[PDB]
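Per chain, numbering begins at 1; letters A, B, ... match sequence-line order.
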Amino acid sequence: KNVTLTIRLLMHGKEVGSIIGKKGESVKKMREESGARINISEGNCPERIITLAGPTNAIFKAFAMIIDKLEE
Amino acid sequence: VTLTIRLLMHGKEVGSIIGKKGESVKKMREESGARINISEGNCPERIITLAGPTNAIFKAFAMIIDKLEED
DNA sequence: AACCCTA
DNA sequence: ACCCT
């Protein structure tokens, strides 16, 4: 199949700070490049939820960008 | 460098990822090269932890996506 | 350490 | 489909 998906990641606050970036410049790149709908749960909480939604090519791009950021 | 990623998955999807007798997750652990843990019990949302080099985590994640897209 | 977002 | 650190 080629159905749209919704993938949710449970992330530590520190990691989320890196994904968002100063002024949200990192997640802006992820949204503009991946084609995924990306939602990051509200508040600088110890644990946060990142939602990725779209077809597999978009999910793969966003997930790749997230793990690449975290590897930094 | 090694990362740990946690996916939040509904029980229905976890059943598919595990597979009958754990056959599916077994295959994922063997060829992905990642450590894969699926949370115990029956919470509406389960946690699938993927651990190892980013390449192994990505491979495991790809196998999961493939499973969700089956048939 | 970063706080964004078809609100 | 319920695996197994």
Does any N or O donor sit under 3.5 Å from an N or O acceptor when you compare the side chain of [X] with the base of [N]?
| X | N | value |
| --- | --- | --- |
| B/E40 | D/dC4 | yes |
| B/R46 | D/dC2 | yes |
| B/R29 | D/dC4 | no |

In whole angstrom, give the distance that lies between atom [atom1] of [X] and atom [atom2] of [N].
| X | N | atom1 | atom2 | result |
| --- | --- | --- | --- | --- |
| B/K21 | D/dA1 | NZ | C1' | 10 Å |
| B/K27 | D/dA1 | NZ | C1' | 16 Å |
| B/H10 | D/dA1 | NE2 | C1' | 17 Å |
| B/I38 | D/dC4 | CD1 | P | 11 Å |
| B/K26 | D/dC2 | NZ | P | 15 Å |
| B/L68 | D/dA1 | CG | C1' | 14 Å |
| B/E23 | D/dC4 | CD | P | 11 Å |

Reckon [X] touches a base, only the sugar-phosphate, or nothing at all at heavy-atom distances under 4.0 Å?
| X | answer |
| --- | --- |
| B/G11 | base |
| B/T49 | nothing |
| A/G24 | sugar-phosphate |

- Task: State plainly whether one hydrophobic cluster holds both A/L10 and A/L70, where clusters connect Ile, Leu, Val, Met, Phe, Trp and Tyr through side-chain heavy atoms under 4.5 angstrom apart.
- Result: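 Result: no, two separate clusters.
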
- Message: Hydrophobic clusters here meaning ILVMFWY residues chained together by side-chain heavy-atom distances under 4.5 Å, can you tell me if A/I59 and B/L3 are in one?
- Response: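 Yes, A/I59 connects to B/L3 through the hydrophobic network.
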
For [X], does the [atom1] atom sit with more than 12 other heavy atoms under 6.0 Å from it, leaving out its own atoms?
| X | atom1 | value |
| --- | --- | --- |
| B/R6 | CZ | yes |
| A/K22 | NZ | no |
| A/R37 | CZ | no |

- Message: Distance under 4.0 Å to a non-hydrogen atom of chain A counts as contact; along DNA chain C, which nucleotides mark the start and end?
- Response: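 Contacts span C/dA1 to C/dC5, reading 5' to 3'.
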
- Query: Between B/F58 and A/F63, how do the two ring planes meet: parallel, tilted or perpendicular, split at 30° and 60°?
  - Reply: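 Rings of B/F58 and A/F63: tilted, as their planes differ by 30° to 60°.
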
- Between D/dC4, D/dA1, D/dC2, spot the one nearest the side chain of B/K12, thanks.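 So the side chain of B/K12 is nearest to D/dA1.
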
- Query: When you compare C/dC3 with C/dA7, how far apart are their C1' atoms, in angstrom units rounded to a whole number?
  - Reply: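 The answer is 15 Å between these two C1' atoms.
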
- Task: Tell me which of A/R37 and A/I19 sits closer to the 5' end of DNA chain C, going by the nucleotide each one is nearest to.
- Result: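 Comparing both residues, the 5'-ward one is A/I19.
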
- Message: Taking A/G13's backbone N and O only, do any of them form a donor-acceptor pair with A/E47's side chain (distance below 3.5 Å, no angle check)?
- Response: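 No.
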
